[PDB]
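A short worksheet on the structure shown next.
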Amino acid sequence: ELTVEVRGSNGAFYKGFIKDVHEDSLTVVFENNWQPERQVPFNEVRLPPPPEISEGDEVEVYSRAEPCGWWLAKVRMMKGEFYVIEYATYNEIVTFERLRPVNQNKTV
């Protein structure tokens with residue numbers, strides 16, 4: 001039940017766990033898509049990050065258009081609680097919690 005992250009045809013990255021290993025493919029259950037595991041290829045996977053953050057930096061942010069997942073972004077401002085970010089290329093105000101340093105882990 002080793003937890004992972006999977007890139008979706010959406011380009012984004014969605015928490016999950018490895019249920020099973022095969023030759024060409026992994027078999028993963030999802031967050032609130034547990035139920036259909038796809039069976040997945042090597043390179044679409046990577047590990048979650050283990051355990052600074054400030055503006056103009058590049059980050060991943062946690063959203064949807066559909067499940068929720070991680071989308072790449074840039075802090076183009078922050079102020080008080082709130083951060084202005086930029087994702088091709090919409091915009092939004094989020095908060096610390098919606099937010100994280102890019103996971104620069106690597107696919108398998």
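We name chains A, B, ... following the order of the structure tokens; residues begin at 1 in each chain, and ligands are numbered from 1 as shown.
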
Exercise for the section: Step one, run DSSP on the backbone; step two, keep only residues of chain A assigned to helix (DSSP H, G or I); then write them as an MDAnalysis selection string. Expected result: chainID A and resid 42:44 96:98

Exercise for the section: Give me the residues within 6 Å of region 76-84 of chain A as a list in words, counting only C-alpha atoms and dropping any in the same chain fewer than 4 places off. Expected result: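 With the cut-off at 6 Å, the set is residues 55, 56, 92, 93, 94 and 95 of chain A.
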
Problem - All strand (DSSP E or B) positions in chain A, as an MDAnalysis selection string - result: chainID A and resid 3:7 13:21 25:30 39:41 45:46 58:63 69:79 82:86 91:95 99:101

Practice task
In Å, rounded to a single decimal, give me how far CA of residue 45 (chain A) is from CA of residue 4 (chain A).
Solution key: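 Going from CA of residue 4 (chain A) over to CA of residue 45 (chain A) covers 6.9 Å.
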
Exercise for the section: Write out as a PyMOL selection string the residues lying within 8 Å of residue 24 (chain A), counting only C-alpha atoms and excluding same-chain residues fewer than 2 positions away. Expected result: chain A and resi 22+26+41-42

Problem - All residues 9 Å or closer to region 97-105 of chain A, only C-alpha atoms, same chain fewer than 4 positions away omitted, as a VMD selection string - result: chain A and resid 46 to 49 52 to 53 57 to 63 70 72 to 73

Could you save the residues just selected, with N, CA, C and O atoms, as a PDB file, in the first residue's frame?
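Written out: again-v3.pdb:
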```
ATOM      1  N   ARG A  46       5.335   8.554  -9.614  1.00  0.00           N
ATOM      2  CA  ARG A  46       6.449   9.041  -8.818  1.00  0.00           C
ATOM      3  C   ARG A  46       6.037   8.959  -7.357  1.00  0.00           C
ATOM      4  O   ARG A  46       4.856   8.810  -7.056  1.00  0.00           O
ATOM      5  N   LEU A  47       6.996   9.146  -6.454  1.00  0.00           N
ATOM      6  CA  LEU A  47       6.715   9.166  -5.027  1.00  0.00           C
ATOM      7  C   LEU A  47       6.198  10.498  -4.509  1.00  0.00           C
ATOM      8  O   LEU A  47       6.638  11.560  -4.932  1.00  0.00           O
ATOM      9  N   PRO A  48       5.334  10.448  -3.496  1.00  0.00           N
ATOM     10  CA  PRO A  48       5.065  11.699  -2.809  1.00  0.00           C
ATOM     11  C   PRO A  48       6.363  12.241  -2.260  1.00  0.00           C
ATOM     12  O   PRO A  48       7.332  11.503  -2.149  1.00  0.00           O
ATOM     13  N   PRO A  49       6.373  13.521  -1.885  1.00  0.00           N
ATOM     14  CA  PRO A  49       7.527  14.143  -1.232  1.00  0.00           C
ATOM     15  C   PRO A  49       7.589  13.876   0.275  1.00  0.00           C
ATOM     16  O   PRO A  49       6.558  13.856   0.947  1.00  0.00           O
ATOM     17  N   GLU A  52      11.636  25.988   2.169  1.00  0.00           N
ATOM     18  CA  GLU A  52      10.949  27.257   2.395  1.00  0.00           C
ATOM     19  C   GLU A  52       9.790  27.415   1.417  1.00  0.00           C
ATOM     20  O   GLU A  52       9.609  26.579   0.531  1.00  0.00           O
ATOM     21  N   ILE A  53       8.977  28.452   1.617  1.00  0.00           N
ATOM     22  CA  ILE A  53       7.956  28.849   0.638  1.00  0.00           C
ATOM     23  C   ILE A  53       7.755  30.372   0.589  1.00  0.00           C
ATOM     24  O   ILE A  53       7.313  30.981   1.569  1.00  0.00           O
ATOM     25  N   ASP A  57       8.113  32.211  -6.480  1.00  0.00           N
ATOM     26  CA  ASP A  57       8.603  30.842  -6.584  1.00  0.00           C
ATOM     27  C   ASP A  57       7.659  30.002  -7.430  1.00  0.00           C
ATOM     28  O   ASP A  57       6.506  30.376  -7.627  1.00  0.00           O
ATOM     29  N   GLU A  58       8.146  28.872  -7.934  1.00  0.00           N
ATOM     30  CA  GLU A  58       7.265  27.890  -8.564  1.00  0.00           C
ATOM     31  C   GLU A  58       6.842  26.785  -7.602  1.00  0.00           C
ATOM     32  O   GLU A  58       7.658  26.231  -6.870  1.00  0.00           O
ATOM     33  N   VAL A  59       5.552  26.481  -7.600  1.00  0.00           N
ATOM     34  CA  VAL A  59       5.004  25.534  -6.652  1.00  0.00           C
ATOM     35  C   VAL A  59       4.039  24.610  -7.363  1.00  0.00           C
ATOM     36  O   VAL A  59       3.697  24.833  -8.528  1.00  0.00           O
ATOM     37  N   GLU A  60       3.594  23.572  -6.666  1.00  0.00           N
ATOM     38  CA  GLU A  60       2.421  22.843  -7.110  1.00  0.00           C
ATOM     39  C   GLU A  60       1.252  23.316  -6.271  1.00  0.00           C
ATOM     40  O   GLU A  60       1.453  23.795  -5.155  1.00  0.00           O
ATOM     41  N   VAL A  61       0.062  23.329  -6.862  1.00  0.00           N
ATOM     42  CA  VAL A  61      -1.148  23.633  -6.115  1.00  0.00           C
ATOM     43  C   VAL A  61      -2.243  22.622  -6.399  1.00  0.00           C
ATOM     44  O   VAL A  61      -2.298  22.043  -7.490  1.00  0.00           O
ATOM     45  N   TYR A  62      -3.234  22.605  -5.510  1.00  0.00           N
ATOM     46  CA  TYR A  62      -4.048  21.419  -5.255  1.00  0.00           C
ATOM     47  C   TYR A  62      -5.506  21.683  -5.644  1.00  0.00           C
ATOM     48  O   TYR A  62      -6.227  22.370  -4.924  1.00  0.00           O
ATOM     49  N   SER A  63      -5.921  21.247  -6.825  1.00  0.00           N
ATOM     50  CA  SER A  63      -7.169  21.764  -7.364  1.00  0.00           C
ATOM     51  C   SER A  63      -7.896  20.814  -8.317  1.00  0.00           C
ATOM     52  O   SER A  63      -7.548  19.638  -8.407  1.00  0.00           O
ATOM     53  N   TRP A  70      -2.780  17.658  -7.894  1.00  0.00           N
ATOM     54  CA  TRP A  70      -1.724  18.652  -7.830  1.00  0.00           C
ATOM     55  C   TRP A  70      -1.419  19.258  -9.193  1.00  0.00           C
ATOM     56  O   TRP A  70      -1.190  18.540 -10.168  1.00  0.00           O
ATOM     57  N   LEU A  72       0.818  22.391 -11.276  1.00  0.00           N
ATOM     58  CA  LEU A  72       2.005  23.248 -11.236  1.00  0.00           C
ATOM     59  C   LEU A  72       1.625  24.726 -11.289  1.00  0.00           C
ATOM     60  O   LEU A  72       0.745  25.122 -12.049  1.00  0.00           O
ATOM     61  N   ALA A  73       2.305  25.554 -10.507  1.00  0.00           N
ATOM     62  CA  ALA A  73       1.966  26.966 -10.486  1.00  0.00           C
ATOM     63  C   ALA A  73       3.129  27.869 -10.108  1.00  0.00           C
ATOM     64  O   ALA A  73       4.256  27.395  -9.910  1.00  0.00           O
TER      65      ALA A  73
END
```
